[PDB]
Every structure is written in structure tokens, then in C-alpha cells.
Asker: 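Got a structure for you, questions after.
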Amino acid sequence: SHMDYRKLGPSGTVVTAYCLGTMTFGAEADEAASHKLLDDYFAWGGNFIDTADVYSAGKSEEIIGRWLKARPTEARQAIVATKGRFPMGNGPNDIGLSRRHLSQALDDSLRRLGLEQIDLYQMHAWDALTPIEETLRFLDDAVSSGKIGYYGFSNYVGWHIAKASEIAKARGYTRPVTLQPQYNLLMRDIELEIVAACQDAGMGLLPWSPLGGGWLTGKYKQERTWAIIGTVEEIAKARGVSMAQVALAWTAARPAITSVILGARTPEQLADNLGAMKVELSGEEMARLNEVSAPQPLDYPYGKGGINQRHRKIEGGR
Amino acid sequence: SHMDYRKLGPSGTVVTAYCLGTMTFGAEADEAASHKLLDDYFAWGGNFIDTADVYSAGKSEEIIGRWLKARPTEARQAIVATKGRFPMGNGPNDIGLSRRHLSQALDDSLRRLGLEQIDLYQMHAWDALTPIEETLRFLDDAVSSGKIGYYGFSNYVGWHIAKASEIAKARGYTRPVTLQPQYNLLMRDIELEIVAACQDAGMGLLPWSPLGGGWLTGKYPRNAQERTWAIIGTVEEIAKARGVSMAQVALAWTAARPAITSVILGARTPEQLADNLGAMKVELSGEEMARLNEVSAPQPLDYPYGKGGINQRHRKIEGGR
Amino acid sequence: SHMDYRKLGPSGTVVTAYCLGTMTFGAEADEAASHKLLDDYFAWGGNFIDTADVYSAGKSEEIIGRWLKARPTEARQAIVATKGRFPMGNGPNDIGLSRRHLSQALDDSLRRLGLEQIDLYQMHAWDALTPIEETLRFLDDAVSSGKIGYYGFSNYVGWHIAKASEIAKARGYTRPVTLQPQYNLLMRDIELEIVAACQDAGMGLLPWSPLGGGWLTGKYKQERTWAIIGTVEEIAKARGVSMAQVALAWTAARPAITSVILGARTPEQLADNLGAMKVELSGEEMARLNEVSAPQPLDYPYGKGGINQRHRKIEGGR
Amino acid sequence: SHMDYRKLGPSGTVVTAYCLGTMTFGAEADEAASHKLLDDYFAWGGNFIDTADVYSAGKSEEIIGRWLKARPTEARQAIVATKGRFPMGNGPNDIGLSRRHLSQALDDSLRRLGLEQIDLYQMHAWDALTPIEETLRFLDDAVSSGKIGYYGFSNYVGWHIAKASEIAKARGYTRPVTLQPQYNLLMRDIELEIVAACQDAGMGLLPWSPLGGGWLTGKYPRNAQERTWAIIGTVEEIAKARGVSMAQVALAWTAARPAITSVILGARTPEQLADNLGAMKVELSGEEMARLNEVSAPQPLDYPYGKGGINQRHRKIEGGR
Amino acid sequence: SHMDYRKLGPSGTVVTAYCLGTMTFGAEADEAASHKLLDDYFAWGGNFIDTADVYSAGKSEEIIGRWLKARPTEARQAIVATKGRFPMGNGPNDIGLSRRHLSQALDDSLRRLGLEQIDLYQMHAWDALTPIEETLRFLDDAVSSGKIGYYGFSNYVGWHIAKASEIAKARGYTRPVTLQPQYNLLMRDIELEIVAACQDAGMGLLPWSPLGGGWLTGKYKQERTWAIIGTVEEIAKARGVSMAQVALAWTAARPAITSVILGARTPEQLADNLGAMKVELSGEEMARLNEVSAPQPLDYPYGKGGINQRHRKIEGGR
Amino acid sequence: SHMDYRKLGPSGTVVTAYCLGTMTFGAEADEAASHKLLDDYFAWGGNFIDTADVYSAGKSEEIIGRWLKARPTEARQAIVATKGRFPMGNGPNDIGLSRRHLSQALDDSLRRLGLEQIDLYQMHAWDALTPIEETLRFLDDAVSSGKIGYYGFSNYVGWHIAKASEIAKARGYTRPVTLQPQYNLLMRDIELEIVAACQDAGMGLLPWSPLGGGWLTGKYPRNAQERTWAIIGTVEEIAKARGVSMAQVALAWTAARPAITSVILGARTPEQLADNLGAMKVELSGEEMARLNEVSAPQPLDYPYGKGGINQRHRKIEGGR
């Protein structure tokens, strides 16, 4: 078990290639089950926890919050990432990236998580009603006061990434570190330009739902899908491992991947998913999955046509 | 009689809602042909000329320059826009958005056009081999020296636009004015996010190929083929309904889309130029515009650009999910 | 009752189109009456409260301060706006926008209001004795420490708005959000350029005294006035609603209006004023009120002459 | 013998308290007439010439330029100021404060005046179609290249002045020097806040039409008409009292108002130019100045510009309301 | 008694034209006597107190500190100014404007003065061993945290003033407000350029020792001196007031004077000194004192020669 | 043989420790006289020429320019410095540090000197009528266009130097290099604080009149008169002791003071120029330098510049008062 350690984007913080998602904490998995999953994850060696204030209306944060207090040794190794943006209630200002809400949402997450500082505070989604300048200034005030260590994004598009990244740079704020996109063999549309936007900013990716909610595990059950699902099945049975470990090993080796967020619900699935770190796909199989699941946009501007138009051969010429 | 004027993006320059493309000058249209087109365009009231150094290896610029020399009255109205980026020769540096190449490309464009200042200088496409900071500095140097008035982009994607825009602000440079994208009823993918990027930066659109190279006029993988014909059928159905050209319906739709500054026409004959310019007098009804919008709507995966990802990022002003 | 929600200027915070003014709290309406008015306003759905430290020498703030503590659920929805600038005593430094006074005035309002942070802190009037740079730096320190969320202005003129707005922009401070002008059908002189100055800055308007202190309600009782009052009366009786609801519906639909500050004193007047949100004037009546109450300045520079001189026809020519 | 010199706003340039307006050159006054006026003005000791590209479609500038060519000694003393903004032609871009138009307007002004540097280049009026950032950048480019020395505004209101001023500071550009407003005993509305905006920015005033186009000299809704005549009656009463022209009283009052850099005279004959310049030797008494100030005081609504709004914003240095 | 109120330099804070110096508190005047003087000064209407941490090794601050706590009403009107720079002990770092010492000295003054914030914190003297950038950054951190309201200088020369003023401007810090120079009819050398340097920066002057330690009161007892002393005596007896009130009235009317720091030790002298505010010298007497006490430097560069060389006649010419 | 070279303040330009002043060229010394002096100076190895537009109404510059034209070899070594500020004419703007006047003063200096770039352009004196920001911007414009290399001041006091210096840093302009003060054994008041201001800004001193206009060589209120003669007596006593000129002792002292970049000689004849340049080979002893320093020490009041105010601001590195 030689750990797969990666940098939290451009920062000096290190995380394990696999991250524990707590979306099920307090929903399909109660406090007891959730406590078990955290114990197993850290027993394996992972140090990355991702939650959100809206995950069961704070029950997820509250569960994590007291597991951290009950096991202090692992608490001092864990990188905690939560989010804020979506409705913590039905009030007009119980929502968004406004200074008004983020102020209350950050204090609420800190409270329910039981921490003096949150390692990674992620905007759960773009908020067109709030100028990005306002959101960034609040985050910068939180960095200086110490409430947060770093910040990242989720549900941001290409020009979202670049605009925020460049404004923070111009205003002397800290650089953003990550983006949390829904990503897997059935959803690769972020590759059209969103990935490139992160790479330009030196940001890392925290892909969530690497199993497509279970569609890539094989259990489930419309043309492309089954061609893709069938490929994962042909390789897993060829290599003698689960479908999940295939799709997971594929996600882990994609460009700009900082850590994969697992959403496993049971100890068995967590032990199976984590076992993918020792699965080394072949370049021939990796190319096979890359092809059968390659996004097929229009030629312009993200398709083959627009890419060749923008390409510049170093030797010159058409 | 009633001309549709629009601001050149965020600047104080005004251009007619239709722009004369010159891709054919020196190729399919010789000097006399090109000069007749220019004459007809300015007799219509237009004031916007778009060319590029690579159109027929600089002959488009040379033809336009001789015409300007020969028409002092129109030349005083003309807003002249050209481009640089693609190869003017087979050398490793006859190309790119580098300081080395643009200084020579801009100078050659000025000489071929016979101008001391180009109104709108456009990067023909992104160049991942040149830092955007290097390109922007050069352009800022060209503004202060008076060689160019404004600058814009073509073949830039979402983060390209926001990055260059925000860096210009940070450096104190002038803001870019326009994006010249390939955009028509058959190709609306710049709406996934690129248009919004332009709107955030205050830039206007200079769409080109508004007729899909004759496909939206009449010259007759599964999902794409079906949409093309559903579009072609709607256009001619609305065209026959209103008793106008199919090209005029397509152009009226394009000129009515969000953020459109001027539609670049690619007419090769006086006859089709007149017809296309007649699109300005065609006011599509509410139902017609909606019918064309729905039948030609892009259909990406739900995440991130599809309906799902959109509703996720949306924030109701009243609150609640 | 479909709420009329608007943005607090350029910010990400949302407020109801109508705002409760507490000028009478502790004056014509004691703590009991004032408590009643707050209960009704929030029962209707409003979330915007405007007070000031000098409103009865803090009695207004103190009343609001304990209504907030007594009804915690509404307290967590309310956007609180107070002011500072005018004399809280007769000392030479018990007044102004100086760092010396604002420091004490902000802590005093926070104390009497019982809040950790004030949502909107408004300068009650321009202070020529204090450089705007000093005032803005203090406000920026308050934003960073969290004592305030946003800030706005009151009794500022056109070049006041632009100077402060542009200095904050150049110095990296947060942008101002609002202006609180005395505005109504009998006082539209802010339209000469003050409104345009706010629109250029993306700032919203919090008009107070939309009834002219009661002159537009019809009760009261010199040429223009009665022509204007008569117009409001001809429309209200034509539509079958009160004079107040007419003038209020007019104020709500004027350019750059974020929220109208009601100064009602009794439950009846508050219920009548708030009923104007469902009153949709006609374009013909809206034009009728716009004309009979149009400000008539000299031709130059704010009159018709100066406006046509500065106009630029997009097609060119004289 | 004793000349009244004043700084050109905040700059280190000095100009006489009276400036020769040239609106009539090439219209009511032909070349010879204009040249006599210029001669008489500089023989008086003046050094300030104000014109504009739009005065008689550039002929005012051409007349002034030929005169400067013909009077090398005076030309070395002349501070030359002109303008751009209003249409020099019927094209959509023969107008505005855009980079596109000002680059051509400034060049044409330099050519018509026969100068390599214009001392004071003025925006004739606000242009809501052009970002003030775009205009200010162009002007800053003109300062570094030496085409202009200073810049100023005309027909700007309160927030216009403060915005452009503060943005110049933020960008590191040179500060604007002057505002040229229409200002006289009959029109004092720039005192509602515009004057204060100018004082905050350190700018001086170049009032024009100081005689109300002959109304303040003698050429014979309710509240306005009454004030006009109460003013006209006071002027001639003080004029007959001191035994001087009505024009001289009006001018002496104007030149004594706050922030006044130089009063732009609009004289058409040598006789009336001499009389107007004689206003410099007229020192109105304390009572006379107060009587003129009160009878011509603006009277807006109490809020925001009236007495009420003023007392509200006032802060007693001792404290208390 | 119409108060002579002036602005604390460029700031929005106002102070009385006369300021109480506490140099004798704890030295020639014990805690009792010092308490009396503070009571009289505020009874007259003054609001300005100047002390220093080294005034009797903190005894001065400690005396003021508990008079403020014992009379809370005057405490809420008083503008408190203290200093730091000189040795609070014999340690190598018990001295200077270094971040190391000022940190401890500011906390010590706050402690002994019993205040949450000091209104005017003045550098007691230039410190060539500490870069002015270091001193200014510390002060700016103190402004933001609220420990101080404003800052000023003492024993700074012309290029000291300009360098600090312009660096703070360039770095976005707050502008300095005052300079505390030893100034009077026998010491006017700051007029050579130091005054002009303050005026360029919009800074006000807090002259201390306006009586020359008692030489201008007449009690004391070498050519210029007695000519100057004799002039003050000829005018005082001509006007029927004390010598002190003459010299004080002269100091109060000099260019750029914000407030005069009185160093009176007894109630009688304080009542006599303060009585000078109602003494209005004549322009003929003011010119008489200005001439007989005019500094006589060399022609170059501060003398008449250097001034005429640098002069520019607005009409041009030599 | 052994030349004393020193940096031109903080810059990378090198100048000989003695600089040829040209105040007399075109006045007491005609063209031939001036040309002989220049020849002798450069034959000695000097490379530093200081003039000013006001020296004989531009004739000093014209004489120097003709000489440079006639001596290509020396002209390639010459560091040429001139000035602008004082009146070149009786007009209200033939003077000052304004953009209006300096643009014309710098151009006229370049023309009279026959140069495309002046090495060191100096403000002859402070100008309280022109914002220092306006002057500094103009100078920065002249650096980028190549008209001047470096800039410096003359007749600036303590806060003048620190203010302009710090504003240049803030604006990103080039740093000023030198101050040219009147400084000699008889006039040391720039030591009260001005020298320290220069040292803080890294500027060097270009003292002029190092002989007190002949008083420190021999041409024969209470406290001042006494010091002058105590100084004159010490100089000739050290001069007779070492068997050298009185002028050489005075110059050796001046060139040995702190922050001295180059001493500007004001010689009118070849004989006295040779003698003065011989001061470079005179190395005053420790005792001699101390004796001259003490007898010529300034004596202001104790506060702020006297001994008292100095000891007050001093900080012992060990601590304690």
C-alpha cells in the first residue's frame, strides 16, 4: 500500500488520491454507519473529507463534526472541505454567495463541524446575483482572519474559472485551488474547455460521482451508454476486478485530477472502491475507454474542427 | 432610410448592423467585382469592412486599400477591421500571436491597406504557444502609437475571453471590443458559455457565416443531421410565409440574437448582396423567432451546459431551491 | 401575494420592494406600538428595516434591538440598516463621519441594536469636515472585521456619489450599495443628475417620505402642488384605491428603486401602504403623474436644453 | 498696466483673467475682422484663445492658425484651446468622444491651427455612448506624444466631473484643468453642485456667454421671468451709479465669482471688445457684489440643492445640530 | 466664551485651540494637583490632552488614566494624545520606533491610560535605526485593529515629514495629521522649511513650550532675546494683560496652528494662559512681534536670497 | 594620470570629480575663450559639462553646441547637463516648471546644443505654481521619448527633495540623480537637513560656487562676519603650509565632503582652470580637514537643527538616553 499522494492544486497541502464524500451521512447512512465509514477510510490512510452545509441540512457536517472530536488523532490529520451556496432554508437571503449569507453559512459550518478553521471552503455553485468581486473579498477576509485555509469552486464554467482566478490575482487575494465537477466516463463535457481553464489556473479537480451514481458499477438496468458500460465490463472481467475499480482507476488517471471523491455507502463498497488505487490500467485499455467515451460536440468551437483551427504547429505552416 | 446602428461592443464607435465580409476578394471575386461590392455596400449606408491578412495571401487587403484610395468620401466613413494569426508563409515565425510576428503582420496589413491606423485589429485565433500577456502588451503598444484603434478576438473560447479581458483590466490596457465567431442557426454552441463570457466582458459579437455557407439559403451523428433539416424546413416555411428569401430569414434571426454587434455578410455577387442587406427590413414575429430558437436550440449533456447544470447554478431571487 | 423582491443595489443580498421605516419608533409610537408594526410588517413578508442612531437618541434602535431578540425567527430574516453622522450629543466630536465618531457611533448602534453585525450602515449626510478617504477607510476596516456587511449614503449629491464610488474602487474597498434620498411626486430634484450618478455606480435607491409626510395621502390642507395632488386623487378614485397606494405605486416603479421606506405610524396605514404592491398603475396614468410632477429646472445645465446639448444621436449629425 | 493673471486651474500655466472667444470667426466676423480682434486682444495683454472645431466647420481654427503664422511674437505667448465632440459631418462616427473620432478630430484641429501641440484640448460635451475610460486613455496618449498639453471639459455635470477626475487619478493620468460652462448672472445653476465638484477636483472655470448673449447689456415660468428683470435692473442701476457699461458690471461680477480662471468674451467688434476688456478695471464694492449675488441667486427646491438640504449636510465645527 | 475650535489637521476630528500638556503630571504636580488641572481645563471647555509614556516613566499616563475613569462624562469628550520612542528602560530595544518596541509601548500606554483606543499616537522623535516603512506599517496595523485613531510626529524635519507623508500615501495607509514642534517667539527655526512641509501635507501643528519654559512670561533673569522679551512686555502692559497671554495669543495666530499645548503647573497659570483665547492682538502688534523675532538664517537656502531665487512671479519675468 | 571618477548619483553613469561650469560662456568669455576652456578641460580628462538655458539667454548652450559639433571625439565622451525654470523672456509662461514651458524649454535647449538627448536635465529652482506631479510626469515623458537621460534639481529644500523623490517611486518614474546646490566653506546650510534628504534618496551633490565667487581665493550679523574670516584665515594658513593655492584647498575640501558627485568649477581663464583642476592632486590631511570643518561649521539654534535637536533624535544602539 504505497500511498498515492497529490498536491491540493497549486497549494502546499497534500491529499490522498481518493477523498471520502459524506453526501450519504445522515441520509442513507445514519450517524453510526457514517462513523464506521470514516474509521475505515482513515484506517486505509486517506486524509481528505468533503461535505457540504446542505448535505441533509447540516446533519452531515454535524456527524463529521463529532467524529472529529471523538477521534482526536485522525482529526489532526484530516483535511476538511465543505461548501455553501444552496438554500439553508427558504429565506431570500438563506442562499447564494452574497457576503450576507456566506458570513452566516461559514459560521454555521464551522459551528456544526466543530472547527476553528476549515481547510477547503468551496462555492457550491455560481451565483449570478452576487458579483464575483463580493464573493472573493469575503473569502479573502476569511483567509486573513483564519476561518479558512483555502477556497475552491463547484458548478463553475470556463469563463467563471478564469474570471475569478484573474480577479483574485489582480486584487492580491489568494489563488483558488480546486474545482469540484461531476465527472466520469458518462459525463466528460467539462473537457470541452472547463478542464483547460483549470489547468491554465494551476487548479486541481475533485471529481465527484466517478461511478455515475452506480451506472458504471454494472448493477443498473441509450446507445453510447451501454457501449461505454460494456467496455468497462470487458476490461474488469479481463483484469479480474470490479467494474467500480475500473471506472475509478480511469477517473484517477485523467488530466488534472487531484483526488477522487468516493460516495460509497457501505464498508464493502468503500473497501472495493479504495482497492482501485492498486489497479494500474494498461495504456491499451486506457485508450479503449478514452475512445468509446470521448465527447462528441459540434465541430465548432469545441469539436475537432475548432481545435485544429486554434492549433499552432511549432514549425509553422497551415 | 432607417438604418440599424449599434455600438462596436463597449466602445463609442458606431457600426451598421451588417458588415461587409471580404473573404472572397482576390479569389472568387476579382478587383472589379470586389470594388462593385464595396460600392454597393456603402451606397446602402454600410460603414463596416472586415478582412484579414490571410484572405488570398494579402490580396483582400490590397484590393480594399486601392478602393479606399479611390473613394475618399467613403473611406472617411469606413471602419476597417482585419486580422493576424494564421500563416503568411511557411516559416516557424510567419505565424502566431507573438510580438515577433504581430509587429510584422500589423505593419504589412497597414501597408497593404494603405492606412496609418486600423480601426479594429483582431486575433484570428487563440495561440497556446504565446502568453496572452505578451500579445496584450503588443496590442497596448499599438494603441498608444496609433497603429490601431481597438482590438478583438476570433476563435477564442470561454476562459480565453475572460482571461484576456481580466488581464487587460489588471494591466490598465484598453478593453477588447468584439468576438468574431462562426455563428448561425446551424451552429449555436458558442451559447454554451462563450456568449455569456462576452456579455460579462461587455463585448459584442461579429458573427460570420450567418448562412452556413449556403445551407441556410437552399443548396440541398443521428441527432445532428435531424436538427439541420428541421431548421432548414422552418426557415423556408417562414420564408414562404412572409414572402421573402430564406437568406433574409436566417440573417434577420442572426441580427436579433443577444449581444450581436454586426452580422458579417459573405456575399459574392451584387444580386445576393442586395438580397442579404434587405434582411434589415425583415422583422420576424414573436412566434417566428421562438419557433426558430427552439428548433435550432443546442442540446448538450445536462452537465455542465445542459438544462440540469443551468438550473443548478440558477438562484431564485425569492429563495428556496 | 407574489413578493416583489429586488437586489440591494449591486450586492447579492435581496430585499422586499418595501422597507419599514422606524423614524416613529419611540416618538409617536412607543415600544408597544412599534412592536406591533414590526410584527405586521414581517407577517406580510417584508425583510427590510431602516433605523438611525439619532432616531429619538437611540430609542428607535433600542426598540428594534429587543424586538429582534424577542422574535428570533424573524430576526434571522431581517436586513437591518441604521445610520450615523448627526449629533448624538452636543460634543464637538459627537457628530460627523470622522474616524473618531464613526468608531463610537458604530459600536453604539451595534450595542443598542443588539447585533454582531449591521447589514447596511449608511452615512446619514455628507460631512465636508471629514475627507471622504477617512470615512471610506473606516468603513473598509469595519467590513473586514465583520461589524458591517454593506454601506450606503444619504444626503449625498452627484459628485459626492461619484467621488466616493470611484475612490473605493481605486483603493480596493467594497463598492457602495445604496443612497437614501427624500423622494416623491413633490420632490423629484434628485433626477437632475443624482439618480444618474447612482445608476452609473450600479447603486440602488431607498426613497424615504414617498407620501411627502402625508401631503400625497389627501388628508392635508402653491400651484404645482395641488395640480399634482389632484392628479393622484383623480387616479385613486378612478382605480378605487387610496391616494397613498397611488403615490406609493408610483414611487415603486421609478428608475433605480431598490425598496421604498414606509413611515406609517398605525397598523391601518401600514396595511394600506403595503397594499400598494398589488396596485399596477397603467402606462397612461404613470405618464400622467410623470408629466404633472416633472421637475422644471433651468434649460442649462439640467433642463431640456442641457440634455439635448449632451445627447448623442447614434446615427450622428446634429 | 496691472494685468489680472490666474493659474490655468491646478496647473503651472498662467492665463489672463479674460479669454478671447472666437465663436464668430468665419461667420459674423470675416478673416480681417477676426484678425483685428486678435490683434486688439493681444495688444491689451491677453494670451488666451478659445475656439472649437465646430465653430463654422473648422474656419475659426483656420483663421486663428493663419493669424498665428502671421504673428510669431504673439503666437509665442498664446495659450490656444479648442474642442472636439460635436459633429464635423453627418457620419455616425464624425462625432462623439470615441478614440475613433477624437484621433481624427485632434489631428484635424492641429492641422487647421498649424500647431504641433494644442495647449488645452476640451471635450465639448459629455458622450454617454463612449466610456469615459476610453476618452481618458486617448487624452493620456495625446499628452505623452505631445499633441496636447492639458485637457478639460465642457457640458459636464457633477458626477461626470468627479468620475473622470477620480478615474484619472486612479489610472495615473494627468489631472483635468478646467470646465467651460455657460455661466452668468442669468444662469447660475452650475452652483447647485457642479462648481463644488470642480473645486473638489481643483479645476478652474472658463465661463462663456458672460453677458447672456446681449441680455446683460441692453437689448430689451413666472418665477424665472421675474428674476431676469430684477437682475437686469440691478445691473444698469449699478452701471449708472458707477458710470460704466452694463456689460462691464456683468463681467466684473463674473470674474469675481469663486473658482473663475478666465472669462471667455464673445465680442464681435473692436468697440465692444475694448469695452468688455475695460471690465478688468472695475472693482465692484462689497455692497454691489452682495446686491447682485442675492438678486440672481438660484432658487431650487429645498431638497436636495435648496437651503434645507444644505443646512442638513452642514456640520458645525462646534457640534450640535 | 466663544470656543476656538479647529480641525485636527486634515482629519474630521475637532479640538480646542488650546491643549493641556501633562509633562508636569507626576513630577512638579502630584496626582492631586494634576487632577485639579484636568478638572479646570475641561471646566473651561478644552477637549485636548497630550501626554507621553516617558513623562515620569508612565506616571503621567497613569494619572490621566484614572482621572478619565473617575469622571466618565469628560472622559467621553477628551481627545487623548500620547507618544512613544524614548527609553522606557535601559534595554537596547526599550527604545525607538521599531515594530518590536512600538508594539510593547502602545500596549503599555493603552494599559496605563486605561483606554481601548488612543486618539493621537505620536512618534516622539525620528528613529534613524528604524526604516520609516517599518514604523508606518505598524501604525497602519494599529489603525485597522482600532488601537489608535490617528498618528502624528514630533522631532521630525522637513524631509522627514514629506518622506513619511508620501510613503503612507503610496502604500494606501492613513495620512498623518500633526507635528508637535518646540515653537515660540524665541525658537522659530521650524519656519525655515518644516512648517511649509507640514502645510504641503495638510498637517497641523501642536506647538509645545509656547512660553519658552517661562522666558516669555517675564519672570526670568543674549541680545535678540531681550529685544523680543521687551516687545512682549511693551504690548502686554499696553493692552493690560500678562506677558504669557501675549506670547500665547501670538503662537495661536501663527500659520498652521491646530492647538497650543499649555504646560502650566498651577490653577492660576492655567486660568491665565487660557484667558489668552479672548486676547485679540492688533495687526500692528502682530507685525511688531513677527519682525523683532524673525529668524535670520543665511541667505541660502532658507534666507531672503534663497526665497527670492525660488519665487515665481505669476506675471513672469525676473 | 589617476583620475577621480564618481557615479552620477545612483545611476550607472560615471563623471569626473570636477565638472566644467559654463556660466561665463557668451558673457565674460567669448566663443574662442569658451572653446579654449572646453579644450583644456577635456585635455585634462574631464567629461562633465554643466550649462543652463538662462546663461546669457541661450548663448552658453549655443557656444557649447558649436564646440561639440567641432570636436566629435570629445563630444562622444561629454556628459551634457543643462537647466530650465527661470525666464527666457518676459511672458507669463516663458518661465516655470509647467508642462507648457518645459516642453518649449527642453526643445530649445536641444536645438541650441545640437543634441537629440540631454544627459542631465535639471530644474533650476522650485516652482510653487506648478504641481510637482505635473513636472515629474513631463520629465518621465522625456525619458521614454529619449530627449533626456536623467533629471535632477537645483534650489530644492528638504521636503521638496523627499516629496519629488517619493512621488517618482510611487508613480513608477525614474529616480532623480542629483541636486546642484550653492555649497562651499562659507555656505554650509544645506547640511541642516538637505544633504541628509539627498542621502536618503541616494542623490549626489553637484555643488557650484565652491570658491564663494573668489572669496575663498583672495580678493579682500556679528557671528556671520566673524566666521567668514576665521575660514579665510584657515584656508590660506593651510595653503601656505602645503605650498598650494587657496583655491586648491577650498576645492579639495569641497570634493571631500559627503555625497559630493562632482564639483562644478567656475573658471574664466585657462590659467585659473588649470590651477583649480590641480586641486584633484591635493589630499588634505586628517587634521587639516577637521580644522576646516570645525571653523566653518554651521551654527543654527539648538532646535531643530542645532546640537540639541540632533541629540534628541539620536538613538544609541545600546539603549538608554
Side-chain angles (χ1 to χ4, degrees), chain A residues 85-87 89-97 125-130 155-167 169-171 181-182 186-190 192-194 196-198 200-201 223 295-303 306 309-318, chain B residues 85-87 89-97 125-130 155-167 169-171 181-182 187-190 192-194 196-198 200-201 221-222 224 298 300-306 309 312-321:
Chain A
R85 155 65 174 79
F86 287 127
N90 266 62
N93 290 310
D94 293 326
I95 182 179
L97 305 190
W126 182 261
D127 183 9
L129 295 180
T130 309
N155 252 285
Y156 272 38
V157 296
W159 73 267
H160 291 171
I161 313 291
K163 184 186 183 66
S165 178
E166 294 294 340
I167 294 182
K169 210 170 182 187
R171 292 193 172 186
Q182 191 173 175
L186 306 176
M187 288 179 286
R188 298 176 56 194
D189 268 19
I190 65 173
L192 300 188
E193 66 155 283
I194 286 175
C198 299
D200 176 75
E223 344 179 36
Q296 293 165 347
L298 280 181
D299 243 11
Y300 183 80
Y302 304 119
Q309 292 180 29
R310 290 187 300 278
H311 181 76
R312 185 191 155 183
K313 304 179 177 184
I314 195 174
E315 71 273 13
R318 283 279 179 180
Chain B
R85 158 62 174 88
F86 291 117
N90 305 122
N93 290 103
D94 301 324
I95 179 179
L97 301 182
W126 183 259
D127 179 10
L129 294 185
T130 296
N155 231 319
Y156 273 40
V157 311
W159 66 270
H160 297 158
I161 298 177
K163 179 187 185 65
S165 179
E166 293 302 342
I167 290 180
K169 280 198 233 175
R171 300 290 167 97
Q182 180 176 350
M187 322 201 70
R188 302 180 51 185
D189 270 14
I190 60 161
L192 301 190
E193 68 153 288
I194 287 173
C198 295
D200 179 68
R222 306 138 90 98
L301 297 179
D302 275 70
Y303 181 86
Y305 301 116
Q312 297 180 6
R313 305 181 291 266
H314 171 79
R315 175 189 172 186
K316 308 210 204 315
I317 198 181
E318 67 251 38
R321 193 150 194 176

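Lettering of chains follows the sequences in order, A, B, ..., and the numbering in each one begins at 1. Side-chain atoms are counted along with the backbone in the values below, which use heavy atoms only and exclude waters and symmetry mates.
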Asker: Relative to chain B, which of A/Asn93, A/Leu192, A/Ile314 shows the most heavy atom pairs under 4.5 Å?
Answerer: A/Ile314
Asker: Would you mind telling me which of A/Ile194, A/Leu129, A/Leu186, A/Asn90 has the largest number of heavy-atom pairs within less than 4.5 Å of chain B?
Answerer: A/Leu129
Asker: Relative to chain B, which of A/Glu166, A/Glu193, A/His160, A/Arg171 shows the most heavy atom pairs under 4.5 Å?
Answerer: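 Ranked by contacts with chain B, first place is A/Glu193.
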Asker: Heavy-atom pairs under 4.5 Å with chain B are the metric here; pick the option from A/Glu223, A/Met187, A/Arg188 that has the most.
Answerer: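 Most pairs with chain B among the choices: A/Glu223.
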Asker: So which of A/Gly303, A/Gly316, A/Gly158, A/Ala170 has the biggest tally of heavy-atom pairs under 4.5 Å with chain B?
Answerer: A/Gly158
Asker: Is it the side chain or the backbone of B/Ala201 that comes within 4.5 Å of chain A heavy atoms, both, or neither?
Answerer: neither
Asker: If you count heavy-atom pairs within less than 4.5 Å of chain A, which of B/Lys169, B/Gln182, B/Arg321, B/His314 leads?
Answerer: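 Of the options given, most contacts go to B/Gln182.
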Asker: Give, as side chain, backbone, both or neither, the part of A/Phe86 having an atom under 4.5 angstrom from any heavy atom of chain B.
Answerer: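 A/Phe86 touches chain B through side-chain heavy atoms alone.
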Asker: Would you indicate whether the side-chain heavy atoms of A/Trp159 and B/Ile161 approach each other to under 4.5 Å?
Answerer: no
Asker: Does any part of the side chain of A/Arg85, heavy atoms only, come nearer than 4.5 Å to the side chain of A/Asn155, both counted from C-beta?
Answerer: no
Asker: Check for a donor-acceptor pair, side chain of A/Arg310 on one end and backbone N or O of A/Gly306 on the other, with a separation under 3.5 Å.
Answerer: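 The answer is yes, because a donor-acceptor pair under 3.5 Å joins these two groups.
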Asker: Does some side-chain heavy atom of B/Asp94 sit less than 4.5 Å from a side-chain heavy atom of B/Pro87?
Answerer: no
Asker: Top residue by heavy-atom pair count (under 4.5 Å) with chain A, among B/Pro300, B/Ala125, B/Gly89, B/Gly320?
Answerer: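 Among B/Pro300, B/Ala125, B/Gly89, B/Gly320, the one with the most close pairs to chain A is B/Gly320.
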Asker: Quick check for you: among A/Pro181, A/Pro295, A/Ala128, A/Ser165, which has the greatest number of heavy-atom pairs under 4.5 Å with chain B?
Answerer: A/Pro181
Asker: If you draw a 6.0 Å radius around CD in A/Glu315, do more than 12 non-hydrogen atoms from other residues or ligands fall strictly inside?
Answerer: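 For A/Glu315, atom CD is crowded (more than 12 foreign heavy atoms under 6.0 Å).
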Asker: Is the closest side-chain heavy-atom distance between A/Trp126 and A/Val157 below 4.5 Å?
Answerer: no
Asker: Find the one option among B/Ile190, B/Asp302, B/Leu301 whose heavy-atom pairs under 4.5 Å with chain A are most numerous.
Answerer: B/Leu301
Asker: Determine whether a donor-acceptor pair (N or O, by modelled atom type, separation under 3.5 Å) exists between the side chain of B/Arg315 and the backbone of A/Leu97.
Answerer: no
Asker: Between B/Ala197, B/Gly91, B/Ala162, who has the most heavy-atom pairs with chain A when the cutoff is under 4.5 Å?
Answerer: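 Heavy-atom pair counts peak at B/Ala197.
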